[PDB]
Amino acid sequence: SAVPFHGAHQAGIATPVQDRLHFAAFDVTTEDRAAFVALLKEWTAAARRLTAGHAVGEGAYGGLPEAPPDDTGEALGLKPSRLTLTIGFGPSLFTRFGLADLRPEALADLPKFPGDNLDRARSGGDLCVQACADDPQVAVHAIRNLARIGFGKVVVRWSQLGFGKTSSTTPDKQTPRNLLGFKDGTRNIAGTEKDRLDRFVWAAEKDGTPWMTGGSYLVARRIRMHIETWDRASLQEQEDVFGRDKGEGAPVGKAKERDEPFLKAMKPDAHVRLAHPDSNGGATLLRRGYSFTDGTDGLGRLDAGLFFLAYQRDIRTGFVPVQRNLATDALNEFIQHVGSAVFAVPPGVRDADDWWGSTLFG
Amino acid sequence: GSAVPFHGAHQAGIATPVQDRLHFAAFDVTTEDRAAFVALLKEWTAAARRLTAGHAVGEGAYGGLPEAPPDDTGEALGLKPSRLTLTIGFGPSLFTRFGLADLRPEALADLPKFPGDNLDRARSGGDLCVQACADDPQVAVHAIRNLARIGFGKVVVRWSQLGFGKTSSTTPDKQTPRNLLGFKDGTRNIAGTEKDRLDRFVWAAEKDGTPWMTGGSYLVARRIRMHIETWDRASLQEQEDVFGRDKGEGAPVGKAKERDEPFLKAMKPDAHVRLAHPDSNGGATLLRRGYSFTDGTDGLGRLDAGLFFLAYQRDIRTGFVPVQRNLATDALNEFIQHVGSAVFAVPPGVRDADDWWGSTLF
Ligand code: HEM
Ligand code: HEM
């Protein structure tokens, strides 16, 4: 029904994966640190209400007739829907408010990768809010109302809707398929794996940036699939690209989805072989991405793909080595990375008096 | 997760309970071969029978010849039917092909220009449409993708629109959904149980003049942008006055409950409900079946938001046109703009397993 908002960690990372996403990047328009802090406090108060299924402020109706309602009202009658709201800070935020020396070293700028075709308008951003819920209207309402509360101090830079499974009809334990028709998420860090999260996802105090202890680092990549090209490939070609079969999702030479892969049986440039921790010095990621389908482009092709989200303890030892290793991935023929952003996701809101970013702003 | 029967005197997807998600595609025809088009309609019908029962198209998604592309693209494997309906319509432009000129229904009227229109011609019209509705977005995208694939070389996608959530109701026993302005939308519609009202207002009859269309309907689609910045600064009273219903309960002004009958004289003369009500339009009544959308940001710092308005009626000339003409003075016009338009003739149902989409026309 609901996911607790308070914790040592922000929710929406290790908590169960909800069916829908609305991810928004924002740019900050104010130069006034005090004004920004005030906004973070107001947003935290709103997030507390939103995640409990309550309207922001004094509500969506029943206030002064001559005043705009505090909540825009489109989630009235809906359930909390496991809403989580996760905030992150982009590198560009640290050029404001005297913060330059508090940028974490683990918040690294990404290199240019072969085949990148990044749209600058759907890249970057000073901050992000990841809204995940089982009902997309609950997520959209959250973003719309945060944006409204922030008007005059922040603007929306770019926005992405996404979907995974539909939980009402699909068992929780079934791996979702991506839009290439392959199971996606078999070998991942699970939110149950507390030690793996400590090793590979959460920032530790000894890593170098005390304010980020209990936070994580997020890489977002908007990855278009060339759907119509992929659908013309043979079944063999598709399986060869991944190193798993399409029906069961077993590694080649194995029988079951969850059988551990034998990498040498896969083609050298198969995706799974290149991305596996054993191929990358042990580098391991929490993937928490969502499929997207935005419509059709000017050529009549499906604008669809994977809005890839990865959480890690350090960008330099998580996404960067793994993505570097995908330079020769057979999958590259059928995908293009068209948007990118990185964010430092701070620690959790500890209790009712705490607020997003309090460890940074003080 | 249940299936909706595909066969019937009417196509499903009209009077059917409104499903959570939409994927609407308009296609243009690129073949001049009548036989080839008929063959496509039959292949599409066969595919639709599989898709709406939760089965893969053709010989399946895997287990075929390794050297051939799979017949089904595979991303719906393991998913329930999810109330998928597939509804086909034919646009006016179709009737310039295949010797069909004389068979264009009079009720398939071109819309006049309405004040305030700003129609994008690229995202308007279309020789044909497929409306895919389901409770699972993946199921809906799969259906459209596989239809388009089957149609390669004979049809191209002209434009598409995804709807993330419904803003309509054919089931008054169930909660009425809210649009992105925060109001309940669908209270006074036509219910799927109201057989007499469907015959009067929605289904084409033989006596209407076009025998091939008996049991079909006519569809108007309007893509409507919402000026949410403008709306969100309006007072509660202004918002409620725009509609003639309160925001919280959605009761007619003065009254206590949603489903109490409107008393039109208590509404402002330019209130939406007052101008749209059948009693204000010589009895004209529509079946509204639209969905909300958001397609990113608008590039000016704000979320994009709108409503993909769909209405079914027995005759465009006696349904949508009178009512929209009467909305020329609507208070709602301050907050919306129509930016895409199409009309379609939705043929009768597929009677049984030997029938096919468009068989009464061809
Ligand atoms: C559209 C783009 C992509 C698609 C369709 C895709 C698909 C898949 C699939 C089907 C699997 C196998 C099942 C599983 O274990 O999840 C997989 C595994 C994986 N992918 Fe990707 N992927 C994409 C992009 C990326 C990117 C950008 C990265 C990282 C930079 C990445 C990292 C991984 C990792 C780490 C694994 C697990 C390997 C293992 O430990 O076995 N993927 N992906
Ligand atoms: C973004 C655009 C629109 C919004 C936000 C909107 C909103 C609403 C709302 C809140 C209601 C009251 C509840 C209900 O009975 O459904 C309503 C009713 C209605 N609307 Fe709209 N509407 C829009 C566009 C249109 C258009 C374009 C038409 C027709 C051309 C239309 C026709 C109707 C009708 C027929 C009713 C029911 C009136 C009655 O019989 O009581 N609407 N609309």
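Chain letters run A, B, ... following the sequence lines, proteins first and then strands; every chain starts at 1. Order of listing sets the numbers, starting from 1, for every ligand and every atom in it.
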- Task: Report the residue from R245(B), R178(B), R288(B) that forms a salt bridge (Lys or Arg N to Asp or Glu O under 4.0 Å) with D185(B).
- Result: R288(B)
- Task: Step through it carefully: locate the ring centre of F242(A), locate the ring centre of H271(A), and say whether they are under 6.0 Å apart.
- Result: yes
For ligand 2, list all ligand N or O to protein N or O distances below 3.5 Å, rounded to 0.1 Å.
residue: ligand 2; atom: 15 (O); partner: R188(B); partner atom: N; Å: 3.1
residue: ligand 2; atom: 16 (O); partner: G186(B); partner atom: N; Å: 2.7
residue: ligand 2; atom: 16 (O); partner: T187(B); partner atom: N; Å: 3.3
residue: ligand 2; atom: 16 (O); partner: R288(B); partner atom: NH1; Å: 2.9
residue: ligand 2; atom: 16 (O); partner: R288(B); partner atom: NH2; Å: 3.0
residue: ligand 2; atom: 20 (N); partner: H272(B); partner atom: NE2; Å: 3.0
residue: ligand 2; atom: 22 (N); partner: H272(B); partner atom: NE2; Å: 3.0
residue: ligand 2; atom: 40 (O); partner: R188(B); partner atom: NE; Å: 3.3
residue: ligand 2; atom: 40 (O); partner: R188(B); partner atom: NH2; Å: 2.9
residue: ligand 2; atom: 41 (O); partner: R188(B); partner atom: NE; Å: 2.9
residue: ligand 2; atom: 42 (N); partner: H272(B); partner atom: NE2; Å: 3.1
residue: ligand 2; atom: 43 (N); partner: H272(B); partner atom: NE2; Å: 3.0

- Are the charged groups of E228(A) and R301(A) less than 4.0 angstrom apart, N to O? no
- Ion pair check, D196(B) and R200(B), cut-off under 4.0 Å: no
- Task: Check whether the ring centres of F24(B) and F308(B) lie less than 6.0 Å apart, and answer yes or no.
- Result: yes
- Message: Less than 4.0 angstrom from a charged side-chain N to a carboxylate O is my criterion; do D232(B) and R144(A) meet it?
- Response: yes
